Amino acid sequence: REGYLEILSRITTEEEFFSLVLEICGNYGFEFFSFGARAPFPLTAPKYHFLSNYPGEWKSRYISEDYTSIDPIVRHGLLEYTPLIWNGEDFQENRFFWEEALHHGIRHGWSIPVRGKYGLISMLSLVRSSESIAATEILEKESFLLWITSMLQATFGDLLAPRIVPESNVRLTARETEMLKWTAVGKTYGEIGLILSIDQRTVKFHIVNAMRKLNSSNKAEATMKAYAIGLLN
């Protein structure tokens, strides 16, 4: 783990970030990497920011085809919170996606999902075109890959969050925080005032402050953001 904390603090661009993960990739016996985060909202159109060194033709195909929508590594890494070893030849769904992925050497993968601050979900994926991932290779590397990815997640977070989730800077008062907690379970302004023995006018006022902080147009949208960011906790 030595030196990595030092390099992750001197990183200021994605090009420096890209270079770090590339060396982690090579120093650990793999051909390709991808690293990215899903921004937690808007929920209707979820936006991914990732880097990779895959063949450039695969990168354009992957982007044009919107292959995050179908990629089982992405679709499963959103619901499983633990590392996953994969082999592209094992998948019988999306066989077209996997055929041209295998065509590019994207065959034996190791994917490490982490949840981080601000509702970011990040994944490190290390891939190579040949040589199965040993069971002995797992124990030798699993602890460091797990550890480095939770460091990368933080740096990739610190780097991109103020743009890829702007509301990451929002801080709510205690009063604001409670208004949104009750608005989360669907309470009206009046029900909250009753519960907390304050006026409906005051309840509005606090929710309206928090909506604006959260660049939201109604309180149901603001509420879902505050939860997703971790502001309700």
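So that there is no doubt, residue numbering starts at 1 and follows the sequence shown.
Per the PDB record, is the mean Cα temperature factor higher over 7-15 or over 206-214?
The recorded data point to 7-15.
Higher-B stretch (mean Cα B-factor, as the entry records it), 94-102 or 148-156:
Of 148-156 and 94-102, the stretch with the higher C-alpha B-factor average is 94-102.
Hey, out of 31, 65, 176, 191, whose CA B-factor is highest in the deposited coordinates?
If I rank 31, 65, 176, 191 by C-alpha B-factor, first place goes to 65.
Between 69, 183, 52, 169, which carries the biggest CA temperature factor in the record?
That would be 69.
Test of reading the entry: by CA B factor among the chain's modelled residues, which third contains residue 82?
Highest third of the chain for residue 82's C-alpha B-factor.
Determine, from the deposited record, the chain-internal third of the Cα B-factor for residue 41: lowest, middle or highest.
Highest third, going by the recorded CA B-factors of the chain.
Check where residue 117 lands among this chain's C-alpha B-factors and tell me if it's the lowest, middle or highest third.
Middle third.
Can you work out whether the C-alpha temperature factor of residue 129 puts it in the lowest, middle or highest third of the chain?
Its C-alpha B-factor, which the entry lists for residue 129, ranks in the middle third among residues of this chain.
Relative to the other modelled residues of the same chain, rank the CA B-factor of residue 163 and answer lowest, middle or highest third.
It falls in the top third of the chain.
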